[PDB]
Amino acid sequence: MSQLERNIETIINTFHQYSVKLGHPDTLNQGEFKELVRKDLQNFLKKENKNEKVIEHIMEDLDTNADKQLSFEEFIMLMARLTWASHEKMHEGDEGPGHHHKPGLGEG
């Protein structure tokens, strides 16, 4: 498969690593979502991981149907935002004239 497919599969694999642990095996509860962010997003959300209440409000904002569970449809919006924020970090104060990517989100 292509590079983009392998990147999407990593998102699906990382989601399934935790969603299967407790409760409904295909959604993330508060405990499963915190563990994913603490380990697999320890750099992109390094500052947010220092305040547990911030992590809880991120899930509350993502939980659109308000069932205190994160389906993959609701979770992928977080992946799109972090991908958008990482690319914005690469062009922070870009003057051109060409295209160049500075270190992205989390100094990576």
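Between two forms, the rigid core is defined as the largest C-alpha subset superposing within 1.5 Å. Residue indices: 1-based, along the sequence shown.
> Fitting on the core, do the C-alphas of 49-57 or of 23-31 deviate more in 6 other deposited structures of this protein?
Between 49-57 and 23-31, greater C-alpha deviation in 6 other deposited structures of this protein belongs to 23-31.
> Look up the CA B-factors in the entry and say which stretch, 48-56 or 34-42, has the higher mean.
It is 48-56.
> Identify the stretch, either 86-94 or 11-19, whose C-alpha atoms have the larger mean B-factor according to the entry.
Mean C-alpha B-factor is greater for 86-94.
> Residue 66's Cα B-factor: lowest, middle or highest third of the chain?
For residue 66, the deposited C-alpha B-factor lands in the highest third.
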